[PDB]
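Written out below as structure tokens is the structure these notes cover.
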Amino acid sequence: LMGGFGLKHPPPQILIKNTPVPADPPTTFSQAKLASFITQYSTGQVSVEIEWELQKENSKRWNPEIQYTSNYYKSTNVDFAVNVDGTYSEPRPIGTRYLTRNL
Amino acid sequence: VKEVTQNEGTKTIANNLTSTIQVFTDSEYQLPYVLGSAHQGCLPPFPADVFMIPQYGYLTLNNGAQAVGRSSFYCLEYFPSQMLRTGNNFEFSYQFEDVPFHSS
């Protein structure tokens with residue numbers, strides 16, 4: 001209902017964790033689980049690749065269809081670009097429905 | 001194909017042997033489909049009745065009497081069609097997709 005593709009077997013969940021590395025234990029045995037760990041984090045790169053199938057537009061319509069367009073008029077910032085401070089923004093929602101068909 | 005001439009209330013019909021008609025079927029379903037609307041102009045139920053072919057037309061999006069940007073226009077001469085003189089004929093075949101029996 002929010003949108004997209006319903007899937008019985010969707011892309012699986014990918015779960016990641018830092019393995020705990022404990023600090024030095026007491027040197028005399030204790031049954032209690034070790035609560036003292038070395039503070040750690042991890043970084044890296046993630047790459048994802050999707051292949052999408054397209055359904056081409058066969059329409060025989062004569063007059064030109066509505067398209068998604070960038071505004072021609074001048075502005076302080078480019079839409080879908082970083083600003084002076086360096087942060088990226090998306091100025092508007094872009095839906096997918098532009099070309100037309102007959103019922 | 002016949003031509004009609006009128007003057008002084010006199011009306012003459014004659015053969016024009018070099019004139020053509022144009023026929024095409026919309027196979028790719030690229031036009032507004034008006035057939036399922038239960039209009040008039042079907043073949044008569046009685047085989048000896050001569051009938052008139054209905055005019056084609058279609059509707060699209062509107063706001064009131066005005067068009068909107070999405071409303072589309074179709075030229076039917078922008079389709080390939082077969083041109084026939086008196087000696088020519090036209091034919092095509094069609095196969096229905098699988099559909100459940102009507103329950104009688």
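Lettering follows sequence order; numbering is per chain, from 1.
- Distance alone, capped at 3.5 Å, is enough to place a donor-acceptor pair between the A:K60 side chain and the B:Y78 backbone.
- Following chains of ILVMFWY side-chain contacts shorter than 4.5 Å, one can reach A:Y88 starting from A:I94, so the two form part of one hydrophobic cluster.
- B:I21 and B:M52 are not part of a single hydrophobic cluster, where members link through side-chain heavy atoms under 4.5 Å apart.
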Quick one: side chains of residues 54-69 of chain B, donor-acceptor pairs under 3.5 Å with protein atoms, not counting sequence neighbours, listed by atom name and distance.
from  : atom 1 : to    : atom 2 : distance (Å)
B:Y56 : OH     : B:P32 : O      : 2.7
B:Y58 : OH     : B:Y74 : N      : 2.6
B:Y58 : OH     : B:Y74 : O      : 3.2
B:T60 : OG1    : B:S72 : N      : 3.3
B:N62 : ND2    : B:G64 : O      : 2.6

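- Annotation: the span from A:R101 atom CZ to B:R70 atom CZ amounts to 15.5 Å, rounded to 0.5 Å.
- A continuous path of hydrophobic side-chain contacts links B:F79 to A:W62 [ILVMFWY only; heavy atoms under 4.5 Å].
- Panel note: side chain A:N102, backbone B:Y29; no donor-acceptor pair is recorded below 3.5 Å.
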